[PDB]
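Order of writing sets the chain letters: A, B, C, D, E, F, G, H and I. Residues in each chain are counted from 1.
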C-alpha cells in the first residue's frame, strides 16, 4: 500500500462535515504527481481512499458503478450510512486478495441532516493513510465538538498540514472539502 | 443445453430450414456487386439517415461485406468476421485475404446448419475487397448453406433474378467494365432495372459515393434511355 | 389408455404408469425363475431354455452372485437384469467400504428398489424389463425378496417370476403349507428342481437346462454357491421321478 | 423424451419468417402506444397507460418509461417484466462501458447490444423471444440526439419520429403529416400529445393515462410528474 | 532496462524510446522500436519484461483496431488509456501479470489537445505534461521540472528531450543505443531525429 | 421431426442416412479411375450462372501430397471432412514421421460420419467423397466414402446424379491395363456423356495422383488439349 | 432434465397461453384484498379449511417477508409458499447483506416479479399460479401496496382485490376508499369487503388479516438500541378480529 | 405403430421395436459362420462387394492374437465395439497381466449395448458379432446381439440365410466338436456350413474369408489365395 | 397439457389430480389421532398372498428417533419419500444442532412436491404422507403432505378410499367431546380408541395381522409388533 503514500482525514462539525486529503502521487521515494486527488463523491456522499493508487482508482470506478445503479433502481441518491455498508461488503468480498486501501466516508444524510463519517461511525474524526498516527495526535489535540464550518476548516487544515509535514510520502498540496446540506466548498491549501 | 436437431434431412434429402433461410434471403433487401478490372462496386436502392447507415460494412480496412436477409443475423456474422480478421492480423502477421474471410463466414453459416439447437442464418453475403498486396478485385458470395463462390457480378435479395438476368445481358465476361464510372453506371443501371453505392479500390481505398454523384449517373442513364 | 402409454412417468387418469405395466408384460414373457426360503438359507432356480443343440451346456449362467452372500435371479430382459446386478454390486461394494460389514439383504433390496423406481420417474428412461428374485444370508438370517419393474418389492417365503409363475406359485403355496416348520436347504434344492420342471410343463416348446444356486449357513457357511455335480443330478432325478 | 413437447421456437417457416417473432410483434400491437419525437433541441418520449383504475397509484407507477443512464431513456411497449429484465441488462452494460472507457456509452452501442440479446433468443436456446419493443431516446457527443426503435427480432433503426404499440400506422401517418426538422421540443411535445389524443382508443386523453419524458440541454433528462402532465395537457388545449 | 520518455507540448506529444535490446551478456539489437500505433492519433510506448511488453501492446492494438472498425470511429486518448489501465489492473490479479509500463501519447481531435498518460504495470494511471518510467525519470525530471513550459513548441520540446538524453548518456551506466523519437500531433504520427 | 435422428426404420436402416444418400443423388458428378500409373479424378463444375467464376468452384482438393478428394452433394459439408482428413494426415506425419495410408485416412473420415445425434452434429453429412491416393503399401487406391460411414475401394467409381450411367460405362470400359492417358480420356468421355452442358475446360476439371509428383489438378489449357484429343479420336470409336 | 425449451410460447394472436391459464387459476382462488391508508396498509384473506380436522392456524396465508413488508396471495398455495421462501432469501442476499438495510417494498417486489418472469421464459417450467399482494413501508416511499401477477408484471394500488370475489370487492373499494382513510377505517372496510365474499362463516378463525403500521418495539425482542425500529408488520390475532367484528 | 419411435418405449406387449429393427439390420447382413472344437475356433465369412469394380468389405477383425470377431450388419458399429473390446483386453493385460476371458469380454459388450436400449438419445447397435477366442478355459465362440444378449455356443451363423448353415451345424455338431488335432478340417466343416446359406452365388478367393484361433494358433485371418485351399 | 405439469385452460394440473388417484391404488385406509402426549397412527395391512413375509409389508416408516411417517400410495414412491425424509432429518440435525420438527419436515417434503408440480421433467410422487411426532415445542403433531405440495396440521386425520367415513366419525367424536385431542393419559388407550373407531367406520373387525400401528411418544416413535396389537385388540374385547 505505502508505495504511493497519502492521507485522508474527516471531521464532523455543527451541521457540517469536512474531508481532506493530500495530493501527492509517489512511486516509493520518487514523486510522480501532485494532481492525484484521493477524495471522490457519489451524489452528496464523499469517499476518501488512501493506499495503492491503482486500487484507489479501481474502487472509485466500482463505487461509481454501484451508486449509479443504486440511483437508477432506488430513484434516490445513496445515503452515507448505506454507502458505508456498501463499501464494507464490497471490500470484504475480496477478504482474500484484498484491496490495499483505507476508505473514509463523509457526508450529511439528506433526510435527517445528521453529519456522518466512517472508516463504526466514530463521530469525532477519522484518519487514514501513511501519516495516520501524526493525524491521530493532531486531531486528538486540536479537535473540539460542534465547531462551526469555518473553525472546522481551520482545525482540519492545521491537522492535515502539520501531520503531512512529518510524513515524507505525502503532501505537495492538500484539498479540503467543507460539506453542508446545502453547499460544498472545495479549498486548496499550499504546503510548506 | 438445448440441442434439438433443427436442420435435418427430409425424405427427398432436402434440409428445409436451409431452404427457408434462403427464402428469408429472397425476401430481404437487395444487394448488388459488380467487379471491374480495378474496383468492386457495391450498391443498394421519418428515418434518420445519419444513424441508418450504409448496409455495406467494413470487416477490415481492405475488405467489405454486404448482405441480404435478416439484418440482426447479419450483425452476428459481421461481428464474427471482424473479430476473425483482427485475430488473423494478430496471431499471424498479415491482414486476411478476401477468400479467407469468405471461407470463415461460410464456415460459420455451414456450422449453424449442422449444429444442435441453432437456426441457420437467414443471410446471404457479398464479400468484396482486395488482398493486402494485390490488385485483382475479389467479389464472393456466401449463402445460408455455407456455399461460397466468386462472381464477376452478382445480386442477392428481393429482385435478384431480374437484376441478375440484366447483368448477364450487360456484363461482358471477356470485356469487363474498365473504369469506376463504367462499374458504377452498370450497377446503377442494374438497380434501376426494377440509391447507394460503395466503391472498393486497392490500398484500403473504400469510398461511399455522394448522392449528388449517384443522381448524376441516374439522370445520365434516364437521359440515354 | 392409448393416450397416456407413450411416455414413462405419465399418470393416466386412473393413476397408472402404463409403461411399467408393459414392462411387466416383458417380464411375463421371460422364463420361469423361483426362489425358496429355507430354515437357514435361500435356494434360487431358473429355467434356461435350450434354443438349440449348439448352446454349450452349463455355460450360459443366468444366476448372478452379488458380493459373496447375495444371489440374484431374474426373468425378462436378461440385459436389464445384468444392469441391475451391476448396480447392486456397486451398492454392495460402497456399503462394505464405508461400513466394513457385508450389506444387509433388506438394505440391498432398498438400494435396488430405489434404483428401479428411479427408472419410473422420467420419460428419458425406460422401466426395467425384469422382475428380480434375490436374497441371501446376513447376521439376521435368511431373506428372500422379489423386485418388480415398479420398484415394488416385498419379502417372500417363496417367489416365482416369468411365464410359469402361476404353476410355480401354486406349488410354492403347497410347499409352504406342508412344511410349516421350514424346509431344509437340500430339500429346498430338490423342491426347486421339481417346481421348475412342473413350470416347464408350460412353455414346453423347447427343452431346458435347470440351474440352481443356494446360500445356507450350514451348507455354504452363508456364502452363495452354485449347486453342482452330485446334488444337482440328485435334484434333477427327484424332479423327473416326481413327474414320472 | 421431451421432444414431443418442444414447440421449436427459432425455426423458419416455409416463407422464411420467424413465427414466434411475428406473434410477439402481434402481442406488441395490443400494447399501449409509445411515441418518440426528435426535435432540434431535444427528444420527447410519450406513452399511453393501458391499465387504468381510480385505485391505481399513477403517481408511483412507472411502467412505460425508464432511465438507462443519465443520457438515455427508453419507452416500452409489450411485456413489462421482459422489458425490466432487458433494462437491467442495459443499465449494467452502460456502467461497464463507463468503467472501461471512463466515457458515457454511445446510444447506438447500447441499442445494438440489447438488440443482439433479443436476436440471440430467435436463433439459439429454444426459448421464447422477449415480447417487447423499445424506443430509445439518447444524447451523445458523436451524433447528439438520437432516436432508435428495436423489436423482438433484434432489428433496430434510427428515426426522426417513431411510434410503437397499438396504433402505429395511424401514429406514423399523423407524424409524417405534422413533423418538421426545425421543430422545437415544445413543438414536439404538442405533436406527441396530439398524436396520442388522435390515436388513443379511450374516450379522452387524460394525465392519469399518460407517461411523458424529455431529454434536452448539459443534457437534462426529465420524467414528468403527473401535475406537469396536467400543465402540459392544458397548455396544449387537449384537456 | 529500457528508457521511454514523453513530453506533451502545446501542439503535440513527443515520445522517445531506447533502441537497445539486451539478452544476458549481449546487445542483440540496436534498432528496436518500443512503440505501437494504437490509432491514427494515439501512440503507446512500452517497457518492462521481455515478451510481456509486445504481447500486451499487440493485444491492446488489436482491441482498439476492433473498436474502431466496429464503431467506424476513433477512441479518445482518454478512453484508450482507461482501457489499457483496466487491462493492467486486471493483470496484477491474474495468474501471470503483464510486467509492462506504458506511456500513451495521443492527440484528441475533438478537444484539439495533446494528451500524455503514464500507466505503470500496477495500473497506476496519471496524465502528465512529461513522463518517464524506471530510472529515466531519476535523471530527467530535474531537467524537465527546470525547463519545461506548457506553451513550448515541438522544436523546443525536442531540444529539451535532447538535453534529457544527453544527461542519461552521461550519468546512466547502461548504453541504451540512443532513442527513436515519434511525434503525435493533429497530422498523426511521424518519426523524427 | 416426429422421429429422432438416430432411429432405425423397420427395414433396419437409419432414416437420416438414407435421406442423406438421396441428397447425394442430386450432387454434381465426380468420377475416379484408378490405374497402375495413377488415379484420375474428374468433376462436373456445374456453374449456376455465367457470372460465376468457374475457377472458384474447387470441387477437387488436396488432402495430402499423395491424397486427393472429389466431392459430390452438399459440398459445404465437405469442408469439415477435408479439414479433419488434412489434420489427420499431418498429425500422422507428426506422430509417426511417415505418411498416412489412404485407407487409414478414409477410415478417419468415415469414423466422423455417424457421430450425429442428440444428447455431436445434428445430422449426417450430405456429401459423398471419392478419395484417391498413393501409398507404398497398397499403391494407387480409390475409395468411395459415404455418409453411412462405410467405404469401399474401387477400380473406378462415379458419384452424383450421373453415377448410374457413368458406372455402367465404367463397368464396360475399365480394365487393368489402362494407361493414365487412357483414364484421362475415359473420364472426359463419361463426363461428356452424363454432363448436360457441353464439356469444355470450364464445365469440367481434372486431376491425377502420381507418385512421381503427387496430386495435381490439371490447368484448363491441358484439359482443353485433352478434350481436343478426345474430339479427334472420337472419330474412330 | 431434457426440457431445456420454453413451455410458455406466443400463440398467433400474441397470447402467452400458460400465463392466461395461470391467471385463470388465480381468478378461481380464494379472495384476497389490500387497502392502503395514510398511516398503514391492510392485507386480508379468507382462510378456507380443507377439513374440519385441519388446523388452519398451522397454515399461514399471510407471510412476513421483512419486518416492514408483508404478502398475501390468491391462487396456488404451494407456489406462494415457495415464492415467500425465495423472496425472503433474496431480500437478504440481494440487499440486506450489501446495504445493511432491508429492501424497500418496490425493490423486493421487483425481485419477486423477476422470479415470476423467469418461470414464464426459462426452460421446462410453468408459470407460478399465484397473484401476490405485497404491502410494505420504507422511509422514503412510505406505505406501498403492490400486486404481482404470474407474468411478473406489478402495479402499485391504493386498494385492490384478487381472486374469485375481486370484481365485487374492487367495486366496493372504489366506493369506500379515500385519501383521508385511517388504518382503523381501512381494517373496517377490509372486514366489510371480505364479509360480502366469504362462504358464510365469518370470524377470526376464517379470516387472516395483517397490517403494516407503526413500529412495534414489544415485538423487537431486545432493548437498548434506540435507532433499532420494531417491526411494522403485524398479523392480527383471531381475538382482535373477533373484537372488531363484534363492533362492526 | 406409435411405439417404435424410440428405445425407451415399451409396446403394450413389452416389445422394444427399435431393438428388433436393429436386429433386422443384422438379418440383412451377409452370412458369417462360427464354429469351434475344444482346441480351435473358426470364423467363416462371406463378404459382399458393392459392384464388380468394388472391393469386398472386411467381415473379420482381429482383437488380439488370442481373440477376434466377425460382423454382420452395420460395420461402423462393429468398429466401435471392436475398439472397445480391444481397450478392455488391453486394460486386462496392462493392469493384471492376464488375458481377458472371452466370456467376460462378451459380458462387457452386453453391458455396453444394453445402455443404448435403456436411455433416450442413443440408438441400439445395428450389428451382430461372432467372437472367437482361446483362453485358459480353451476355445470359445460367442454370438453377440445388440439387444445385449450374448450366448456361448459350439457353432452358430448370423446374417441372411444363416439358418441353413445353423441347421447344418446342428446336424454335424457331434462330428466337428471332436476335430481337435486338425484346424483345416474344422475350417472345411465351417466352409461346408456356410455353403448351405449361399443363394445363386459361389465361394471365391475374393468373397471368402476365414479366421482361426486356438491352443498354439494365434488369431489369423486367411483371405485371397490363402483360402483357395478351402474352396 | 394432460401429460406434463403445465396448466390447462382451466388452470388445472391434471397430472397432479391423477397422482391423487394413484394414492388410492393400494386400497388401504390409515388413521391418525393425537393424545395429550402421544400421537397414534393406524394403518390397514392387507397381505392376501400367503407367500409374502408379512413383517416386510409396511407403509409405516420410522423417519427419525421422533418422527414417524405413514404413506398412502404405492410402496415404491413411499420408499422414495421415506428415504428422502430420513436424509433431510439427519441433515437438519447436522446443520442446525437439533432434531428436525415434524412440521418443518412436512414443509420441506411439500416443497419438493411443489417442485414436481412446477418442473416438467419430474412427475409427482403418487403418495400422501402423514408425519407424526410429539414435538418438543408444539407437542403431539400430525402434518399431512400431498402431491400438490399442500400440507397442513391436523387434530386428527384419515387417508384412503374410506377417509370420509373415518373423518366424519372423528368429527362427530370431537363434536361429542368438545376437545382437539383424545383425552387419555397413556398411548395404549389412544391405540384402543383409534382401532375401535376404525372398526366402527369401516364396519370390519381386525385380526392382529390386519393392522399396523405407529406410536409417537416424547422419547421416540415406534411401531407395534403384531402381538402388541393383539394385546390392544383383546383389551378392546374386554374393556
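Here, a residue touches a chain if its C-beta (ideal position, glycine included) is under 8 Å from a C-beta of that chain, and two chains touch if they have at least 3 such contacts.
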item	value
Pair with more cross-chain C-beta pairs in contact, given A-E and F-H	F-H
Most widely separated chain from chain H, with each centre as the mean of CA atoms	A
For chain C paired with chain F, centre-to-centre distance based on mean C-alpha positions, whole Å	57
Rounded Å distance between chain B and chain E, as computed from the means of their C-alpha atoms	41
Euclidean distance of C-alpha centroids - chain C vs chain D, Å	69
Junction residues of chain C, two or more chains touched	6-7, 123-124
Multi-chain contact residues (two or more partners), chain D	1-6, 8, 99, 102, 125-127
Residues within chain I bordering two or more other chains	3-4, 120-121
In the complex with chain H, residue positions of chain C that touch it	2, 5-8, 18-19, 22-29, 52-56, 59-60, 77-80, 82-83, 86, 119, 123-127, 129
Contact footprint of chain A on chain G as seen in their complex	97-101, 104, 107, 110, 139-140
Touch list for chain D against partner chain H, complex	1
Chain C contact footprint on chain H (complex, rising order)	2-3, 7-16, 107, 110-111, 113-115, 117-121, 147-149, 151-156, 166, 169-170, 173
Residue ranges of chain I in contact with chain D within the complex	3-4, 120-121
